[PDB]
Every structure is written in structure tokens, then in C-alpha cells.
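Okay, so here's just one chain, in C-alpha cells, the form deposited in one PDB entry.
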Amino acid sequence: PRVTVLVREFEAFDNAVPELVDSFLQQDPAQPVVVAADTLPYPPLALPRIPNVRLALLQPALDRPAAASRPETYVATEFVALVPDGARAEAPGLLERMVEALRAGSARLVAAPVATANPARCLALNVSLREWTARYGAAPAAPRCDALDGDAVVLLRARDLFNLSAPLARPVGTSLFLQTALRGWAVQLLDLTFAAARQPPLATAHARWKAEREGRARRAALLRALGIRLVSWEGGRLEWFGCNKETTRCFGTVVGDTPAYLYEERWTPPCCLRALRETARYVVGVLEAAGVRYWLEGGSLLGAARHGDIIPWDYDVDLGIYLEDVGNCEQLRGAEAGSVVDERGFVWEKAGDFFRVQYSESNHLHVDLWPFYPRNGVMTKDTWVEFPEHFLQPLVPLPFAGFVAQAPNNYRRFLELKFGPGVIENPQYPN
């Protein structure tokens, strides 16, 4: 029943780690304690310089072996307890009680909230790497949950913790449960409680605001490194960690009509789809304002017919327009002379049969506009397939990407025209 206390979540500029360590040492003078950090914390932690208390520095160093930054090599015991800063040991035998709870139960992780201002609460959590998304919500089976929000001591076996790909990546409260929920592991929120530090850290408003800003930066760098572009919550709140109007798009130049994310066995990053939807809405608005006849085309019409949205692995939007109405829209006659950046940041280009509207100068997610003209009662272009004009007389309202778009009438027939029978019900899933 030997447990190593492992401290990872603290701020060098303001912490209660010395009190934390001394509290556990008072219950057992030989208590193994590992404080982990990326670089040597300054001001000095001034931990007891005793063999059972050790500081593990996790970044590479010119004068250290590979083993010196691998944390399992500091942990000899069967069980490990992640303790956040602000916790202290008061009553004895709490770690042993958590161990017997873990062995008695069926959850590979047990947790005991710390009585801070934000004690841990259960949460549900669903990770979809394919969609670059993590969704949180209220946990139906509490005290059994997928993740925790707030402060808690977490206990698990060392073999379980250190076989994870990133066991001590910060913030631990986000990184750990992303990895354990993806593996189908559960955490049991026990009824035990650890007391708070008698002199808690981040006592002033400046200190707390400084810590929250650097914590938000670490959380953003973590999610970007691990492929989470979107955190969403039950209730609707969204947290974005991908591209936007002032950045480049997430994947860059496609070759051979296969974007990079497909080889990573993922679909389109949700931030990229968001920009495409917003550009589709903007362009349609501009076109309808100028009185230009447009209709959904290609995979955009297909996605609209299938589920009213962009096909989740597509990376552009295709609209058809009447060649005759091109002149009615200022952005487009300007696009003939050269690239036009309008007042809202969108970039209209002609390149090439067609026009292309990019989300911004830096973010090259685009809507392609393909002009057709009626010559035979058939709609046709001039460089390269054609379709009869009666599919556009009239056009029908069709939900797409958050707004009501225009589609050819009888568009399921139109889609079997362009793609073959059964296209809507048989999606061509990437493999």
C-alpha cells in the first residue's frame, strides 16, 4: 500500500507546494514525493533535500540522460496520486483509503475533491479525434464519470498513468481525462475530501488573473498539440482552438484532391468548416443582394440534400451561377481586373473558368462560383458536365450550413445525374 505523491499543477510565481509537501511528510517522514516541472522553478521551492522527495525536470537538457526526463523513472511504487497545488494532507491514511477504494471498485481512477473554492465535479466527456472535437456534459452515472472539473487528488496505478502518451501534460485536469476517456476508462469521484492549504496560493486578484491567463495559454497549446480544435459543452458553449480570419487555414495546399487530414485518418477540422459555412453565407448574401442567380452545386448540394451541411470531409463550397448575371455584382466585375479584397475581408478571384471567394487574405478556405449559360435549353460552360435548364426553373429552398440556400428543383434526381444512383444514402467515407 505504498503511494507516491506526484505534484504537477502549480505556478512558480505563486504556489503552496512547500506546504503541500510538508503536510504529507508529517503523516509519514519517508513518504515518496515527486514534484514535476518543465524547468527548475524560481523562486526556489526549497523542498526538503531528503532522498524520498525529488524534483523531476521534464524538459530535455544537454547534460542529462534520456531517462532524466521520463517521470516513471522517479516513481517506484505501485500507485501514484496526482495532487494539485492548494491541497494539504490533514487526516492520516487518506491515500490508503483511496487505494482500497480503487481495488474494491471497477474504475481505473479514483478521485477525492480538495475543499478549495472549486472542488472537483463529475463530467461526461466524449472525444472524437476524427472530428477534432471533445464534448463535455453533465455526467449521468455520477459518482462515476469520464472527467473532472476542478480540484481533486487523482489516484491510479503507475503502470496505467505512465503508459499514456502524455501523462503529465498541462493542464493535467484537461490532458489526463482526454487520454483516459478515449481509452474508455472511468474515474470514481469518492466521498473523501482533502483539506485546502492553510495559506492558499493566488490570494490576490492580480496573482489569480496572471495564473488564469498563463493557464489559458497552456490549455490552448495542449489542445493544438493533441488535435482538439473544438471543445464544446452541453448547453451550447463552444471553445475554439483552430484557424480564424487572421490565420492560415489548418491544412494548406491540397495535392491530388486529398487534403492532409485524410491521411491522418481525420475529417475536416471544425474550425475550417466553420469558416467555409461563414463564407458560404456571406457570398450567398452578396449574390442575392446583387440579384445574381445562384444554386448549390456538386458536393455542397450533396451535403445539403444528405444532412443540410458541408460534407464533413470536404474542404470547399461549390455554387453555380448564371453567366448572364455576373455583371450585376461589384466584387465580381472587380475580380475580372484582379484580386478584390472587399470591405469585409473576403478575397474575390477569377484565376480557370470560375470565380473563387476566400475567407480572408490569410485564410484560404474558399467558395467556388461556376457560371453557366443556357444555349440549347441546356446549361453549359466552355472549359472543363452539362445539365438541362429545367432543373433551375424553378429553384427550391434547401437548408445548408446554417441558412436557407437555393437548390435545383428535383435535386435528388439532379444529384443522381451528376454522381450516379444512391449517392445521398451511400456516402463515400474516407478510409
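Under this definition, the rigid core comprises the largest set of C-alpha atoms superposing within 1.5 Å between the forms. Numbering starts at 1 and runs along the sequence shown.
The discussion below concerns the form deposited in another entry, not included here.
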{"property": "Residue shift check between the shown form and the other one, rigid core fit, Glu416 Cα at least 2 Å", "result": "yes"}
{"property": "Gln31: Cα shift of 2 Å or greater between the shown form and the other one (core-aligned)", "result": "no"}
{"property": "Core-aligned CA displacement of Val21 at least 2 Å between the shown form and the other one", "result": "no"}
